[PDB]
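**Q** One structure is given below, represented as structure tokens, and several questions about it will come after.
Note that each Cβ is placed from the backbone with ideal geometry, even for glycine, and that neighbours are counted across all protein chains shown. Read-outs: derived from the displayed coordinates by stated rules, not from any lab.
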Amino acid sequence: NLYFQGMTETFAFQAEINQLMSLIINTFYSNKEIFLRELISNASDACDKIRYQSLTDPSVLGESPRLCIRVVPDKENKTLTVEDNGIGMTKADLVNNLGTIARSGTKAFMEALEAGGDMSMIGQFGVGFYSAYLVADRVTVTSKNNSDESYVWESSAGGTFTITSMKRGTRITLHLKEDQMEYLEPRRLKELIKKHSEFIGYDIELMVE
Amino acid sequence: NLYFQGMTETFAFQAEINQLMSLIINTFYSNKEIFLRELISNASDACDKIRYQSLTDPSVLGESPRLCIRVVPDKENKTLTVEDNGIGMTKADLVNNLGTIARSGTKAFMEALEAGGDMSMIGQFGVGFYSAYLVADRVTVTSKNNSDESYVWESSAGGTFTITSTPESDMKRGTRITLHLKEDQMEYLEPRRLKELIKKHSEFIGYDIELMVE
Ligand SMILES: CO[C@H]1/C=C\C=C(/C)C(=O)NC2=CC(=O)C(NCCN3CCCC3)=C(C[C@@H](C)C[C@H](OC)[C@H](O)[C@@H](C)/C=C(\C)[C@@H]1OC(N)=O)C2=O
Ligand SMILES: CO[C@H]1/C=C\C=C(/C)C(=O)NC2=CC(=O)C(NCCN3CCCC3)=C(C[C@@H](C)C[C@H](OC)[C@H](O)[C@@H](C)/C=C(\C)[C@@H]1OC(N)=O)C2=O
């Protein structure tokens, strides 16, 4: 009907991913800061993929060819955001790869941790996105791929996530936990970005508010 | 997917129904108690329509052959409910008749009030449901018709309603109307108030009305 405004779908996580979310959100791991490197790493991969598409087909860049990553603290909303103009993600991408179908890394990473491995290796296993929950109690991912409309994924690690229906790219917004408000202070962010982005080939912009 | 647990669609009300809702949720009408009579009347109607269908096809009753209306106050959630095991409503029924396709009585009832008609006449116009908002700031309608799955309609008179659908078949044939009462309308949860109100307009109700103790 003309009067329709929106739709949200709630899905359960695949069991291993649910387990990983619980473990991460509850862990006493003492080096929580690692989340940012992972989010940035993921943006760089997103940007790489659209870049490779552009080599055969320049049109994919649209009217946004300058690829780059931006970090956005928000003291008022108590949220930190990592955004990119990379390839971005379709609904299927979000539903499949960010919830319902787990790759081999979910289990392996949990098995590595059980055998005394370190949380900082999480990226290697293809599940470092989920390190957001070390500092966050809710994560909101808004993305647009050139071949789909934009969508909003959101989860509080409560066993489920929603899918609700912007320019090409992705925004990862973290609702910070009560004790993790240090990741809104700009001096902290500057030193953290510079610590692990020596070899990221895209400019990383720290937006001031 | 295996993992799908529910959907909710948000619709805007058709203009005239939105107007009716604004007016009712804001009116300074004094005799707010008339809503109960109305919701009960509606439950009676639902019961009639299935009872009738059972004369030719008795299988429609399922495993609930006794048709009746129950009234459930809830002091904790601050709600009041009117249930029935009637014919129930499909998704289309809820969306069309309870949101997006206005019947002639919507505009007409408003025109009648404009010309000095009273809010107690609302039932003649086929819009007595919306009288719930005399005493409620939110209303949730849960319904199951034999031809569809269970749906949940909800609105707070903010210009929009929702239609939610879970795979969990908790519902059996019928409908439940749940009113989240306004702060100054907590008198409609006390048993002594409900007992006198039900009796006051349920002589010509052709079914049994059961007031539930919590
Ligand atoms: C919101 O983050 C990412 C989504 C899921 C990330 C997951 C669940 C993860 O934890 N690690 C992952 C990190 C990765 O780098 C990555 N892909 C590259 C991993 N590689 C390839 C070989 C070695 C490292 C995967 C595989 C797959 C989910 C790729 C994804 O879908 C198909 C898209 O091709 C890609 C454009 C999307 C992103 C990067 C998203 O990032 C933003 N901003 O777009 C991961 O699982
Ligand atoms: C609380 O939900 C009610 C829904 C809408 C009520 C409306 C919009 C209303 O305000 N008045 C209305 C009261 C009515 O009595 C009635 N129809 C009956 C008209 N009469 C009155 C006496 C004999 C025939 C209509 C027309 C039409 C919406 C009927 C509806 O078509 C999907 C169903 O055939 C009917 C079974 C469902 C109910 C009544 C629901 O009642 C429960 N418990 O099931 C109304 O508009």
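**Q** Could you tell me the ratio Rg/Rh of the protein assembly as shown? Both radii from Cα atoms, Rh via Kirkwood. Before the final figure, lay out each step's value.
**A** Details: Rg = 27.5 Å, Rh = 25.3 Å.
Radius of gyration over Kirkwood radius for the protein assembly as shown works out to 1.09.
**Q** Counting each DSSP H run of 4 or more residues in chain B as -39500 (n - 2.57), what helix-only mean residue ellipticity at 222 nm follows after dividing by all residues, to the nearest 500 deg cm²/dmol?
**A** Numbers: 5 runs with 61 residues, N = 214.
Result for chain B, helices only: -9000 deg cm²/dmol.
**Q** What are the ³J(HN,Hα) couplings of segment B:109-120, residue after residue, when phi is run through the Karplus curve with 6.51, -1.76, 1.60 and θ = phi - 60°? Round to Hz, x for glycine and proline.
**A** 3J(HN,Hα) across segment B:109-120, in whole Hz: 4, 5, 4, 5, 5, 3, 8, x, x, 9, 5, 6.
**Q** Still on this structure: Would you be so kind as to identify which of A:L98, A:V152, A:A12 lies farthest towards the positive end of the dipole of chain A, taking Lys and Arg as +1 and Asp and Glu as -1 on Cβ and the Cα centre as origin?
**A** Farthest along the dipole direction, towards plus: A:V152.
**Q** Beyond 29 Å between alpha-carbons counts as too far, so tell me which of A:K91/A:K194; B:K75/B:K199; A:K78/A:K107; B:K107/B:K182; A:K107/A:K190 fall in that bin. Before the final figure, lay out each step's value.
**A** Working: A:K91/A:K194 33 Å; B:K75/B:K199 22 Å; A:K78/A:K107 32 Å; B:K107/B:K182 26 Å; A:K107/A:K190 34 Å.
Pairs exceeding the cut-off: A:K91/A:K194; A:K78/A:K107; A:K107/A:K190.
**Q** In addition: With θ set to phi - 60° and the Karplus curve 6.51 cos²θ - 1.76 cosθ + 1.60, what are the ³J(HN,Hα) couplings of segment B:188-195 in order, to the nearest whole Hz, using x for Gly and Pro?
**A** Calculated HN-Hα couplings, in order: 7, 9, 5, x, 4, 6, 5, 4 Hz.
**Q** From the gyration tensor of the Cα coordinates in chain A, what semi-axes in whole Å does the equivalent ellipsoid have, largest first, with each one equal to sqrt(5λ)? Let's see the in-between values first.
**A** Numbers: eigenvalues 125, 96, 68 Å².
The equivalent ellipsoid of chain A has semi-axes of 25, 22, 18 Å.
**Q** Are there any GluC sites (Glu not before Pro) in segment B:144-192 that are in a DSSP loop and have at most 14 other Cβ atoms within 10 Å? List them by number.
**A** B:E149, B:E168
**Q** Oh, and also: Go through segment A:46-109 and name the GluC sites (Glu not before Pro) that are in a DSSP coil and have 15 or fewer other Cβ atoms within 10 Å of their Cβ.
**A** On the way: sites: A:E63, A:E76, A:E83; in loops: A:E63, A:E76.
Those satisfying the criteria are A:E63, A:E76.
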